[PDB]
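Numbering (full-length UniProt numbering), first residue to last: 4 to 162, 175 to 212, 224 to 341.
All residues carry an ideal CB built from backbone N, CA and C; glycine is no exception.
Heads up: the structure comes next, in structure tokens.
Here it is, written out as structure tokens:
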């Protein structure tokens, strides 16, 4: 194989040195292929002003409502993605097929129902809630409301941990970078959602976030993704708009590999990976298969910790 090398199961960090910024930092020059070393404290010494960091920030926030298809029999699960205007929301629905045109779904005793004001491209569904009083209150209400048997039976119950090399980010460094003049933007990615369409991630970029990144691109700043993964979201987005960012959400399945021309990031921050997984190819497409390779060889040499909790890399 072409993305293989010697990787001592030992050089593979069993657990993390999460104590601090210790975690070394292999720095590779995308173009030149140079390959210096370092530690994650000096990090901030590589970012200029007008640079932005996109953080794959995650939130167990997909709140979900268990309603029942009004008219017909029943059973509809809604995943609340983002509230738009007033009482309209971006949503994912179980038994999606069931939710159509302007279908109506009831929740609980009927306080709060919702109509499907439209089908969405990513298979989601824009819905609109009907209710009295304060919305956020009504929900909270249903919060403590057990699922009626009717549904309850139709189910199996009642009513992880953000990986991403983006953890080496001491609240402090976050501040430093701010202070120095490096912006920080967030993207949102969800995992178990696949079952709402397969096992793809669901991303969401905001109007402001998109806006922000475009400025940076305009003003000639650099964009660096802090995401063993999020780099793909970005890449996906700017991919479908020609290097430009737009608010959006959807399923990400892009598979980056040598040859791919990045149109989103200028550099990224992740870890070292296995002698053939599909991450090395990603990275490899970024700085070239060779450069990365030799760096992988020198990383092993200077006994760098590889993978999940090992040391951090940058471009």
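Problem set entry | Residue burial classification, residue 51 (beta-carbon count within 10 angstroms, cutoff 16) | exposed
For this session: May I ask which residues mark the beginning and end of the alpha helix (DSSP H) holding residue 324?
Result: For residue 324, the uninterrupted alpha helix (DSSP H) run begins and ends at 315-327, by DSSP.
For this session: Please specify which runs of the beta strand (DSSP E), each continuous and at least 3 residues long, are wholly inside the segment 77-143, giving them in chain order.
Result: If we require 3 residues or more, the beta strand (DSSP E) runs fully inside the segment 77-143 come out as 79-86, 91-96, 107-109, 116-122, 128-133.
For this session: List the DSSP bridge partners of residue 203.
Result: In the DSSP secondary-structure assignment, residue 203 is bridged to 230.
For this session: May I have the straight-line CA-CA distance separating residue 116 from residue 27, to the nearest angstrom?
Result: Each residue's Cα considered, the two are about 53 Å apart.
Problem set entry | Local conformation of residue 15 per DSSP, three classes | Three-state result, residue 15: strand.
For this session: Using beta-carbon positions only, say whether residue 288 and residue 261 come within less than 8 Å of one another.
Result: yes
For this session: Compare the C-alpha of residue 290 against each of 259, 307, 316 and name the closest.
Result: 259
Exercise. Okay, do the segment 297-310 and the segment 276-286 touch, 3+ Cβ pairs below 8 Å being the bar?
Worked result: yes
Exercise. What residues in its chain sit with their C-beta under 6 Å from that of residue 118, if we drop five residues either side in the sequence?
Worked result: 105, 107, 131
For this session: Report yes or no: do three or more beta-carbon pairs, one from the segment 39-47 and one from the segment 178-192, lie closer than 8 Å?
Result: yes
Exercise. Roughly how many whole angstroms lie between the Cα atoms of residue 31 and residue 206?
Worked result: Distance between the alpha carbons of residue 31 and residue 206 is about 30 Å.
Exercise. Among all the DSSP beta bridges, which residues are the ones paired with residue 72?
Worked result: Here residue 72 is bridged, per DSSP, to 108.
Exercise. Which term fits residue 18, buried or exposed, when burial requires 16 or more other beta carbons within 10 angstroms of its beta carbon?
Worked result: exposed
For this session: Could you tell me which of 341, 339, 224, 329 sits nearest to residue 15, measuring between CA atoms?
Result: 329
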